[PDB]
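S.K.: The sequence shown begins at 2 in the working numbering and counts up by one. Backbone N, C-alpha and C fix where the C-beta goes; we use that ideal spot for every residue, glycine too.
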Amino acid sequence: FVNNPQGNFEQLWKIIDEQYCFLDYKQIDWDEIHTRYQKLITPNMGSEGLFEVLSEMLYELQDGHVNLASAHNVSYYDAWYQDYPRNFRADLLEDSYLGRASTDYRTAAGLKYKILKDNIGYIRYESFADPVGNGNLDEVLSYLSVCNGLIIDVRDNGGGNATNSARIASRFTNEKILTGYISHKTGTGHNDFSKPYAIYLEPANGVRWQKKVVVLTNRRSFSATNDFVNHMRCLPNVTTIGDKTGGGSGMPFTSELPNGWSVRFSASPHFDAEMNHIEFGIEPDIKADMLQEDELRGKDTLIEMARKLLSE
């Protein structure tokens, strides 16, 4: 397609039509949308006008994990995330739990970790864009083995590609275990899909954790983090606490328009181990929000509930 407004529209429309995996699931007349938005695409619209029109066309999918990026802006369906409370405070975490890196916690590549005062282990993993190696995980889980239970905090972790979700999650199973399913498209039809393929988690070749685990989640946990949560919640010693995750997966499809802009969206449906879609969010085992009355005392309601669960 040529680089002009019509070519960028048609290419974007065709990518979604042939590769987006929720057109039938969400009952979308993408063909209606083509003929209606075609009428709004003209020669000589500015980049601002074209971006706004193509953005609204993608808003018709109502999917916070369909992303359009240009040099001036990024677009995505927004109610998705920001209808839910934040449920994470980084300044509170550092003042009341982590403290000073020089003495009060330890840093193993992407992981910040420490023993809290009640002998509960605590791991903060901000970003899957930060590397975590197998040596880092050996050191963390060995140091924390003295603790009575373990908290893994992946709130506000928007994903990333530096670390696979299975590298961490495999530290918490001693047996090969089915944790989910993935279908991929087999054709351009809106329901051209393979049979779902099982996703297995195999035990890590290194130190593994043999006590109870809480994983903390919120609506800004997504993409690879969603895959991590999905792995972890199947496992016998794991309880998830917090909010529904933000959904997505660690395997979005990305494509470039003639004009250099890029679109990201889901092409391969991901399911939990009972064949529920997970890309719209995973509900936690225990639903909790951070309470302002607790923040004013210096406490994180979710960490405190986790500590209390792991103490008994």
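Using 8 Å as the cut-off, can you tell me whether the region 15-28 makes contact with the region 45-57, which would need three or more C-beta pairs spanning the two stretches below that distance?
M.R.: Output reads no: the region 45-57 does not touch the region 15-28.
S.K.: What's the call for residue 297, buried or exposed, on a 16-neighbour Cβ count within 10 Å?
M.R.: Here the question's residue 297 lines up with position 296 in the sequence shown. The residue in question, residue 297, is exposed, as its Cβ has fewer than 16 Cβ neighbours within 10 Å.
S.K.: Just to check my reading of the structure: residue 201 and residue 186 have Cβ atoms closer than 8 Å, yes? What is that Cβ distance to the nearest angstrom?
M.R.: The count along the sequence shown starts at 1 and reaches residue 201 at position 200. The count along the sequence shown starts at 1 and reaches residue 186 at position 185. With 8 Å as the limit, residue 201 and residue 186 do not qualify as a contact, their Cβ atoms being about 22 Å apart.
S.K.: Just grab the DSSP bridge partners of residue 249 for me.
M.R.: The residue labelled residue 249 in the question sits at position 248 within the sequence shown. According to DSSP, which records beta bridges pairwise, residue 249 is partnered with nothing at all.
S.K.: Beta-carbon separation of residue 152 and residue 216 under 9 Å?
M.R.: The sequence position of residue 152 within the sequence shown is 151, counting from 1. The sequence position of residue 216 within the sequence shown is 215, counting from 1. Cβ distance < 9 Å, so residue 152 and residue 216 count as in contact.
S.K.: I'd like the list of long-range same chain contacts for residue 58, defined as Cβ closer than 7 Å, with 5 residues on each side in sequence excluded.
M.R.: Here residue 58 corresponds to residue number 57 of the sequence shown, with the count starting at 1. Taken in chain order, the residues that qualify are 34, 38.
S.K.: In the DSSP assignment, find the alpha helix (DSSP H) that holds residue 299 and state where it starts and stops.
M.R.: For the purposes of this step, residue 299 is identified with residue 298 of the sequence shown, where counting begins at 1. Careful: residue 299 lies outside any alpha helix (DSSP H) and carries neither H nor E.
S.K.: Using the three-state DSSP reduction, which class does residue 172 fall into: helix, strand or coil?
M.R.: Here residue 172 refers to the residue found at position 171 when the sequence shown is read from its first residue. Of the three classes helix, strand and coil, the one that applies to residue 172 here is helix, per DSSP.
S.K.: Threshold first: 3 residues or longer. Then list the beta strand (DSSP E) segments lying entirely within the region 151-223, N to C.
M.R.: Complete beta strand (DSSP E) runs here, min 3: 178-183, 198-202, 213-218.
S.K.: Can you tell me whether residue 26 is buried or exposed, with buried defined as 16 or more other CB within 10 angstroms of its CB?
M.R.: The residue you call residue 26 lines up with position 25 of the sequence shown. Label assigned to residue 26: exposed.
S.K.: Taking residue 101 and residue 113 to be in contact with their CB atoms under 8 Å, please state how far apart those CB atoms are, rounded to whole angstroms.
M.R.: Taking the sequence shown and counting its residues from 1, the one referred to as residue 101 is at position 100. Taking the sequence shown and counting its residues from 1, the one referred to as residue 113 is at position 112. So it is not a contact: roughly 12 Å between Cβ atoms.
S.K.: Can you tell me whether residue 264 is buried or exposed, with buried defined as 16 or more other CB within 10 angstroms of its CB?
M.R.: The residue given as residue 264 occupies position 263 in the sequence shown. It counts as buried.
S.K.: Tell me where the alpha helix (DSSP H) around residue 355 begins and ends.
M.R.: Any answer about residue 355 is impossible in this case: the structure gives the chain only from 2 up to 313.
S.K.: According to DSSP, residue 255 sits in a beta bridge with which residue or residues?
M.R.: For the purposes of this step, residue 255 is taken as the residue at position 254 of the sequence shown. Answer is 265, bridged to residue 255.
S.K.: Can you look up residue 240 in the DSSP assignment and give me helix, strand or coil?
M.R.: In the sequence shown, the residue the question calls residue 240 occupies position 239. Three-state result, residue 240: strand.
S.K.: Give me the DSSP bridge partner(s) of residue 69.
M.R.: Taking the first residue of the sequence shown as 1, we reach residue 69 at position 68. Its beta-bridge partners are 76, 264.
S.K.: How is the beta strand (DSSP E) around residue 125 delimited, first residue to last?
M.R.: In the sequence shown, the residue the question calls residue 125 occupies position 124. Segment 121-126, the beta strand (DSSP E) holding residue 125.
S.K.: Do the region 214-230 and the region 81-89 touch if we need at least three Cβ pairs shorter than 8 Å?
M.R.: Yes: at least three Cβ pairs fall under 8 Å.
S.K.: Output the distance between the C-alpha atoms of residue 309 and residue 210, rounded to the nearest integer angstrom.
M.R.: In the sequence shown, residue 309 corresponds to position 308, counting from 1. In the sequence shown, residue 210 corresponds to position 209, counting from 1. Each residue's alpha carbon lies about 19 Å from the other.
S.K.: Where DSSP assigns a beta bridge to residue 113, which residues make up the other side?
M.R.: Counting from 1 along the sequence shown, the entry for residue 113 is found at position 112. Per DSSP, 108, 125.
S.K.: State the start and end residues of the unbroken alpha helix (DSSP H) segment that holds residue 278.
M.R.: As a working mapping, residue 278 is identified with position 277 in the sequence shown. From DSSP, residue 278 is part of no alpha helix (DSSP H); its letter is neither H nor E.
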